[PDB]
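**Student:**
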Amino acid sequence: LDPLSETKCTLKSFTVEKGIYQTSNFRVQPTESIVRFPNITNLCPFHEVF
Amino acid sequence: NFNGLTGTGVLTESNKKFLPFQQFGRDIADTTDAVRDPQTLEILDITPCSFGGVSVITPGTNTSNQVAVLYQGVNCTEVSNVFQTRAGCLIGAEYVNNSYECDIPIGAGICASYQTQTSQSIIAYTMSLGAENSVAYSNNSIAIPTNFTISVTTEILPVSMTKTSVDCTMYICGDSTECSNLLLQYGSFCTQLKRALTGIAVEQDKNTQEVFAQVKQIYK
Amino acid sequence: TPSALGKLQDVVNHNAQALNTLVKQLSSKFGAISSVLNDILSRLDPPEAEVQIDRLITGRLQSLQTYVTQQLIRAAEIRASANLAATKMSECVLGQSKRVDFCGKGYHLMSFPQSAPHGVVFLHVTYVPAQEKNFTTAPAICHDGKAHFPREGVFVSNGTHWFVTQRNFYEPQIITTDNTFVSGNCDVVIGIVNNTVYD
Amino acid sequence: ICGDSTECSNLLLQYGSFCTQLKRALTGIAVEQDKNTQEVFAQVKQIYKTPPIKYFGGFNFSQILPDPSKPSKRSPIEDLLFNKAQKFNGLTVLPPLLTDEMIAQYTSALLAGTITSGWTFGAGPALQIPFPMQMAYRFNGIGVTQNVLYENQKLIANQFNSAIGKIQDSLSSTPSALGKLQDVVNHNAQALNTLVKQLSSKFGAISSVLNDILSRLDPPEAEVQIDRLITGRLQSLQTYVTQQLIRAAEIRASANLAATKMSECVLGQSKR
Amino acid sequence: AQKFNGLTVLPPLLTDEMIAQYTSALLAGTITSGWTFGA
Amino acid sequence: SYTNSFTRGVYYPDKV
Amino acid sequence: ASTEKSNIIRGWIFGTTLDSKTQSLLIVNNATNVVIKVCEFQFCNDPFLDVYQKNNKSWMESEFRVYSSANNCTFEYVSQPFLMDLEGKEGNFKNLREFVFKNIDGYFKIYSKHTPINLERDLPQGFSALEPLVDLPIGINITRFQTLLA
Numbered sequence: 201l202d203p204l205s206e207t208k209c210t211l212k213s214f215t216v217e218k219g220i221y222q223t224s225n226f227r228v229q230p231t232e233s234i235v236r237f238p239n240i241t242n243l244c245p246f247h248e249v250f
Numbered sequence: 047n048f049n050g051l052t053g054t055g056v057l058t059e060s061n062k063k064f065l066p067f068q069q070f071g072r073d074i075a076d077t078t079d080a081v082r083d084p085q086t087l088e089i090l091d092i093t094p095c096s097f098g099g100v101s102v103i104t105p106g107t108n109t110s111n112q113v114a115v116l117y118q119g120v121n122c123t124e125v126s127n128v129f130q131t132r133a134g135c136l137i138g139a140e141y142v143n144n145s146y147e148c149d150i151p152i153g154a155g156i157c158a159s160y161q162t163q164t165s166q167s168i169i170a171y172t173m174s175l176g177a178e179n180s181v182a183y184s185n186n187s188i189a190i191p192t193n194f195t196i197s198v199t200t201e202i203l204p205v206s207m208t209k210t211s212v213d214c215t216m217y218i219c220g221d222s223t224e225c226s227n228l229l230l231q232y233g234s235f236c237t238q239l240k241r242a243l244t245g246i247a248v249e250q251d252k253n254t255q256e257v258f259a260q261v262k263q264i265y266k
Numbered sequence: 006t007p008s009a010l011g012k013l014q015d016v017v018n019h020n021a022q023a024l025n026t027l028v029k030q031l032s033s034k035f036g037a038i039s040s041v042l043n044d045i046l047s048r049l050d051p052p053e054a055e056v057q058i059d060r061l062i063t064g065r066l067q068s069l070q071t072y073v074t075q076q077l078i079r080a081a082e083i084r085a086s087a088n089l090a091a092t093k094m095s096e097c098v099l100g101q102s103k104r105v106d107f108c109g110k111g112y113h114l115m116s117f118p119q120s121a122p123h124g125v126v127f128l129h130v131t132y133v134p135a136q137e138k139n140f141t142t143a144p145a146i147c148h149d150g151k152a153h154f155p156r157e158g159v160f161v162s163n164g165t166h167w168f169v170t171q172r173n174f175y176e177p178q179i180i181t182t183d184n185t186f187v188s189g190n191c192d193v194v195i196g197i198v199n200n201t202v203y204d
Numbered sequence: 130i131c132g133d134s135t136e137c138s139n140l141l142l143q144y145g146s147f148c149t150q151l152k153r154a155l156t157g158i159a160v161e162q163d164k165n166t167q168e169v170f171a172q173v174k175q176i177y178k179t180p181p182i183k184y185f186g187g188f189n190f191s192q193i194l195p196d197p198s199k200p201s202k203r204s205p206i207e208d209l210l211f212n213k214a215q216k217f218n219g220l221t222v223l224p225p226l227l228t229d230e231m232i233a234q235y236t237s238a239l240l241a242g243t244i245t246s247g248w249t250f251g252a253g254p255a256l257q258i259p260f261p262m263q264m265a266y267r268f269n270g271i272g273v274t275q276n277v278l279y280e281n282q283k284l285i286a287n288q289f290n291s292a293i294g295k296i297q298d299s300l301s302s303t304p305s306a307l308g309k310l311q312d313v314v315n316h317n318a319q320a321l322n323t324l325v326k327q328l329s330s331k332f333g334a335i336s337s338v339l340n341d342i343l344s345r346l347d348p349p350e351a352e353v354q355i356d357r358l359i360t361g362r363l364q365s366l367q368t369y370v371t372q373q374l375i376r377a378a379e380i381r382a383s384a385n386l387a388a389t390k391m392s393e394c395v396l397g398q399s400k401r
Numbered sequence: 002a003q004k005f006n007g008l009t010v011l012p013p014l015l016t017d018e019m020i021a022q023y024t025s026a027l028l029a030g031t032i033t034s035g036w037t038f039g040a
Numbered sequence: 606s607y608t609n610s611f612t613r614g615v616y617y618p619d620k621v
Numbered sequence: 277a278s279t280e281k282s283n284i285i286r287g288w289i290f291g292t293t294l295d296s297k298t299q300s301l302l303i304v305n306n307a308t309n310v311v312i313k314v315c316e317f318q319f320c321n322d323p324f325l326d327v328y329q330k331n332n333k334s335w336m337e338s339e340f341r342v343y344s345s346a347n348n349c350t351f352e353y354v355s356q357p358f359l360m361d362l363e364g365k366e367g368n369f370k371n372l373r374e375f376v377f378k379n380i381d382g383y384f385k386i387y388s389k390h391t392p393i394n395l396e397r398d399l400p401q402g403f404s405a406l407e408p409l410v411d412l413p414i415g416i417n418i419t420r421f422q423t424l425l426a
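Here it is, written out as C-alpha cells:
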C-alpha cells in the first residue's frame, strides 16, 4: 500500500518510532533488449539476377 | 548480448583506446565493462543499472503518518518535492534554507524534521553545528565568573549481559539418536561452543565483581 | 525521557533478538524436504535421511557458530564498557578525578553510583561557573624597582583599581606581598602595569 | 548471493534469517561509525570563531588555523593531510553524516576555544584570556613558574613557530606518517575486492554464473548446484561481516581513545 | 522457570539485592569518608 | 650455439 | 625469433608422425601468397626449397620440391595479406621479429610481432608483447615440427 506500511513490514511492529528505517532495495529493471551480432555474414548472389 | 557477452547495463559512449584486436573489456574485480560493437567499431562502456537502497523517513506514528522515501545512490532522473542530496534522491520533503539541529540523519549533512512550516510537513535542511559565539580577545581583557551552578549529570554504562548456555546436542538434534550419531562425526564443535559460553558467563560475573565489589567493608 | 536508558534496553533487545533468531532458524529448510527431523526419519529411507540430516545439522551448526561469534563480539564490547565503568567508579566515586569530561561535563566534584539492570548509573556532580564579567587583566605589576607576579590567582581590574582574584570565582582581594613573588624587574615582561603592592 | 535469478531468490528464503542479521549488523556498524565522529569532534556546543586580528601574543597559528584563501576553508596542514558513486554488485558505500566542511568547522571552533578560552570553554562558559597568561598558567600546571614564560616569551614563541613549521616538513618528507589512516582504507578496499572476486569461484558447481547453471542443466540438478553456490556465497558474506564487526570494534576503541585524548589534552591540561 | 529448545539463561551470581548493598556501602563511604575509604 | 632470453617472449594472452 | 637479415625462414612445418598419418601445417610465406594447407601427407625427409626471387607479379616461387603427395585436405587459408612482418633497409637498423606458436584444446594460435633494432652490436634487450593474428580451428595432436629455410 504505502512505505509507512513497508516500515511496519520490515520491522515487526505497529507503532513506528521517529527515524530513517531501511525498508527495501530499488533496482531499475531493464527497458529494451539490444542484441547486436556481427556485420554482413555471407552476402548471397541475388544480385545480377534482379 | 553483444556477440555472446550477455549482461544488463547502461551502455554509453567512451574514450577507451582499444588495441585493434581486443574485443570484450574488463576491470580490476574481473567484471565486464567496455564492450566493442560487433558492427560499428566503437567502444562503449557498460555501467551498472542504477540500483540502490530505499530508506523511509518516518517522524513517528504517534505524531503523524506522512513519510518520505530516500533513494540512496539514485540521481532523481532515475526515480511532491524531489531534492537531490549527495546521499540520495529524497522524495517527500522540501529543502528549507534554514539550519536547525539534526533530528533524523539523512546523509552527507542533510537532516530531516517534522515542522509546522508557517502545515506539518517533513522538511530537509543542513544541520547547524551550533550557535556562532564570537568571544572578545582584547590584549588586556579577561572573563572571571561571579556565580556558579552545581549541575548533577547522569551517565549510563552497561556492566554485564544475560549469561546464556545452550544445550548443543539438544538444540542441533531433537530427541533423535540417529541425529546424535551424525554430530559425533561433525567433530568437537559443541565442546568449543560450550567452553565459549562458559567463558562468557565467567567473564560477565568477573565484570560485575570488578565494577561493584570494589570495597571490603560494607558501610552503613 | 523514557529513552534515557538507551544501552540498557539495547543490550536486552539484542539478546532477545539473537535468541529469537536462533530459535526461529530451526524451522528453515537447509536442503531437506522439511524442517522436522521426525518427518525426515519417517517419510524417507535411512540413506536419503542421512544425506538430508547432514545438510540440516551443517546449517544448524553454522547458525549456532554465528550466534556464538556474535555473543563473543558483544561480550568483548561489554567487557570494554565494564572496564570503563569500573575505572570511572574508581576515579570519580573513590576519589576526585581531574580528567576533563571523564566524571561528567565540568569540574568534577562527586559521583554517586546506583544500581541498574545490567548496568550502572553515575550521578556526576559537576561545577559549572556562570554570570561571567569582563575585567582588565595584566601579566604582572611593576613596583618601585621590581616586578610582582600572581602566586595563586589573576590580576584583574575593575577600571580604576587592581585586584587579585581566583581563576574560577571572582573574589576581589588587595594585592599584598603574601600573594605575589618577585622575579626580575620591569624590563622583560611585555604588558606589565604600574601598580602598588600593600606590604 | 543471487542477482537477477528469482529461482535463487526463492532458495535463500528458506536458508533462514541470515540476510536480515547481516543487514542489521551493517546498519549498526554504520551508525556507530558516525557516533564515533560526534564523540571526537562534537565536544563543543557553540561554534567559536577566531578574532579578525591574528596576533595571539606572538604565536603564529597560521599553519593550523583555517585558510580562507582556499575554497575548502581548511588549514594548510589539513590540506597536506587530505592530499597525502561506484555500485559494482550489491555492496554500496554510504556517505558520512558529517562532511569534511563540518569536521573542519568543528576543528576550527575547538582551536578558537583553545586559543581564546584555553580550557574554560570545555568545562562551562567560554572565558576570554590572553594567550601569554594561558601559557603561564599551563606552565604553572606542570611546575615551572610563570616568570620563566614572562621572561622568555620571545624564545618560546620562536620555538613554537619552528616546531609548527617543521611539522609540515616532516609530514611531507615522510609519506608513511599516515600509517593507520591509509591502513584502514587499504583493509576496506581489500575486503571489498575479495568479496567481489569470491563470486567467480566455483563452490561445487559446473561454473560460477547462475544463468549458465539454469540454462545448461535441468531444474533438479540446478537446484542442487545453486544450493552449494548460495551456501558458499553466504559463508563468504558472513566472514566479511564478522571481519567488519571486529574491525569496527577496533575502530570504536580507537575512537574512544581519540575522544578521551581530545577531551583531556585539548579541553584541558592533562598530567598523565 | 524458562526453557526453550536447549538454550537456557543462567542466574547471575550477585543478585539485584546484593548489587544494591554494594551501592549503599559505596554511598555511605562517599558520604562519611569521601575518598579515604577507597585508599 | 646457445644464448639468453633476456625478457623477450611475453604475449597478450586473452583478448580482454 | 630471427634478427640477421630475413627471407630465409619463409615457412614452417608441423606434425607428430610425418609419415602420412596426421595432418600437417605449412606456413610458407612466398611472394604475395600465404596460403596455409592443413592436408595430411608425407612430403619428404628434408624439405629443401630455394628462394627464386622473381619480382614478377604473376609467378610461382614455391615449387613442388617440398612435397610429393596429396590427399583429402581438411582446411585451407586464402588470406591475401602475407603472415610476415615488413623488412627494413637502413645502415644499422635491421628487422627483428618473433613468432609464438602454440596448440591447446583445438586451436593452434600464432602470436607475432615485429620490432626495429637500434644498435648493430648490442643485444636486443627490450620488452615487446605479441598479439593474436590468426586462429586455426583445426585440432590435431602434434608433438614435433620442422622449420622451412631457404
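Chains as they are written, first to last, in my numbering: chain A, 201 to 250; chain B, 47 to 266; chain C, 6 to 204; chain D, 130 to 401; chain E, 2 to 40; chain F, 606 to 621; chain G, 277 to 426. Built from N, CA and C at the ideal position, the CB exists for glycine as well.
Which same chain residues end up closer than 6 angstroms to residue 370 of chain D when comparing Cβ atoms and leaving out the 5 residues on each side of it in sequence?
**Tutor:** Only 151, 154 meet the Cβ criterion.
**Student:** Give the interface partners of residue 396 of chain G over in chain F, defined as CB-CB distance under 7 angstroms, in chain order.
**Tutor:** Near residue 396 of chain G there are no residues of chain F at all, since even the closest Cβ is about 17 angstroms away, more than 7 angstroms.
**Student:** For residue 360 of chain D, report the span of its alpha helix (DSSP H) as first-last.
**Tutor:** Residue 360 of chain D -> alpha helix (DSSP H) spans 348-390.
**Student:** Of the choices C/6, C/59, C/199, whose alpha-carbon is the least far from that of residue 37 of chain C?
**Tutor:** Comparing Cα positions, the closest option is C/59.
**Student:** Short of 9 angstroms Cβ to Cβ, which residues in the stretch 107-138 of chain B face chain A?
**Tutor:** Those would be 107, 108, 109, 111, 112, 113, 114, 115, 116, 117, 118, 119, 120, 124, 125, 138, in chain order.
**Student:** By Cβ distance, which residues of its chain are closer than 6 angstroms to residue 102 of chain B, with the 5 residues on each side in sequence left out?
**Tutor:** The answer, listed in chain order, is 113, 115.
**Student:** Whose C-beta lies closer than 6 angstroms to the C-beta of residue 105 of chain B among residues of the same chain, with five residues either side of it excluded?
**Tutor:** Closer than 6 angstroms at Cβ, skipping near neighbours: 160.
**Student:** Rounded to whole angstroms, how far is the Cβ of residue 129 of chain C from the Cβ of residue 201 of chain B, which I believe are closer than 8 angstroms?
**Tutor:** Sure, about 6 angstroms apart at Cβ, within 8 angstroms.
**Student:** Since residue 59 of chain B is in the beta strand (DSSP E), which residue starts that stretch and which ends it?
**Tutor:** Residues 56-59.
**Student:** Please list, in chain order, the chain C residues whose beta carbon lies closer than 8 angstroms to that of residue 56 of chain B.
**Tutor:** None at all; the shortest Cβ gap to chain C is about 37 angstroms.
**Student:** Can you pull the chain F residues whose beta carbon is under 8 angstroms from the beta carbon of residue 70 of chain B, in chain order?
**Tutor:** Correct list: 620, 621.
**Student:** Taking residue 80 of chain B as the query, report the chain D residues whose CB atoms sit under 8 angstroms from its CB, ordered along the chain.
**Tutor:** Ordered by position in chain D, no residue passes the 8 angstroms Cβ test against residue 80 of chain B, which lies about 15 angstroms from the chain.
**Student:** What are the partner residues of residue 91 of chain B, as DSSP defines its beta bridges?
**Tutor:** Answer by DSSP bridge pairing, in chain order: B/58.
**Student:** Please report how far the alpha carbon of residue 22 of chain E lies from the alpha carbon of residue 117 of chain C, in whole angstroms.
**Tutor:** Cα to Cα, the separation comes out at about 14 angstroms.
**Student:** What's the gap between the Cα of residue 200 of chain C and the Cα of residue 177 of chain C?
**Tutor:** Their Cα atoms are separated by approximately 16 angstroms.
**Student:** In terms of residue numbering, what span does the alpha helix (DSSP H) encompassing residue 285 of chain G cover?
**Tutor:** Note, residue 285 of chain G: premise wrong, no alpha helix (DSSP H); not H, not E.
**Student:** Closer than 8 angstroms is the cut-off here; do at least three beta carbon pairs connect the stretch 35-55 of chain C with the stretch 159-173 of chain B?
**Tutor:** As far as the Cβ criterion goes, the stretch 35-55 of chain C does not touch the stretch 159-173 of chain B, which means the pair count is below three.
**Student:** With contact counted as at least three CB pairs below 8 angstroms, one residue from each stretch, are the stretch 328-342 of chain G and the stretch 31-38 of chain E in contact?
**Tutor:** Contact fails: fewer than three Cβ-Cβ distances are below 8 angstroms.
**Student:** Using a Cβ-Cβ distance cut-off of 9 angstroms, determine whether residue 154 of chain C contacts chain D.
**Tutor:** Chain D contact via Cβ: present.
**Student:** When you compare only the Cα positions, how much space is there between residue 185 of chain D and residue 325 of chain D?
**Tutor:** C-alpha separation (whole angstroms): 53 angstroms.
**Student:** State the DSSP-derived secondary structure class of residue 129 of chain B, mapped to helix, strand or coil.
**Tutor:** Correct three-state label for residue 129 of chain B: strand.
**Student:** Is residue 33 of chain C close to chain E? Criterion is C-beta to C-beta, closer than 9 angstroms.
**Tutor:** Cβ-Cβ to chain E under 9 angstroms: no for residue 33 of chain C.
**Student:** List the whole-angstrom C-beta distance separating residue 71 of chain B from residue 64 of chain B, where the pair is believed to meet the contact cut-off of C-beta under 8 angstroms.
**Tutor:** Contact holds; Cβ gap of about 7 angstroms.
**Student:** Distance, Cα to Cα, residue 92 of chain B vs residue 321 of chain D?
**Tutor:** Rounded to whole angstroms, residue 92 of chain B to residue 321 of chain D spans 20 angstroms at the Cα level.
**Student:** Give the range of the alpha helix (DSSP H) segment to which residue 247 of chain B is assigned.
**Tutor:** Residues 236-258.
**Student:** When you compare only the Cα positions, how much space is there between residue 304 of chain D and residue 311 of chain D?
**Tutor:** Those two C-alpha atoms are separated by around 10 angstroms.
**Student:** Give me the Cα-Cα distance between residue 58 of chain B and residue 83 of chain B, rounded to the nearest whole angstrom.
**Tutor:** Their backbone Cα atoms lie some 12 angstroms apart in a straight line.
**Student:** So, using beta-carbon positions, are residue 233 of chain A and residue 206 of chain A closer together than 9 angstroms?
**Tutor:** No, Cβ-Cβ distance for residue 233 of chain A and residue 206 of chain A is not below 9 angstroms.
**Student:** Along the stretch 206-235 of chain B, where does the CB come closer than 9 angstroms to a CB of chain E? Name the residues.
**Tutor:** The residues in question are 206, 208, 209, 210, 211, 212, 213, 214, 215, 216, 217, 218, 220.
**Student:** Using the rule of at least 16 other Cβ atoms within 10 Å of the residue's Cβ for burial, across every protein chain shown, is residue 115 of chain C buried or exposed?
**Tutor:** It counts as buried.
**Student:** So residue 80 of chain C and residue 246 of chain B are supposed to be a Cβ contact under 8 angstroms. How far apart are they, rounded?
**Tutor:** Residue 80 of chain C to residue 246 of chain B, Cβ: 5 angstroms. Contact.
**Student:** Let's test the definition: count the other Cβ atoms within 10 Å of the Cβ of residue 247 of chain A and tell me whether it reaches 16, buried, or not, exposed.
**Tutor:** Its Cβ having fewer than 16 others within 10 Å, residue 247 of chain A is exposed.
**Student:** Can you give the Cα-Cα distance for residue 409 of chain G and residue 323 of chain D, rounded to whole angstroms?
**Tutor:** The straight-line gap from Cα to Cα measures roughly 35 angstroms.
**Student:** Which word fits residue 420 of chain G, buried or exposed, when buried means at least 16 other C-beta atoms lie within 10 angstroms of its C-beta?
**Tutor:** It counts as exposed.
**Student:** For the candidate residues D/277, D/383, D/301, whose alpha-carbon lies nearest to that of residue 313 of chain D?
**Tutor:** Checked all of D/277, D/383, D/301; the closest Cα to residue 313 of chain D is D/383.
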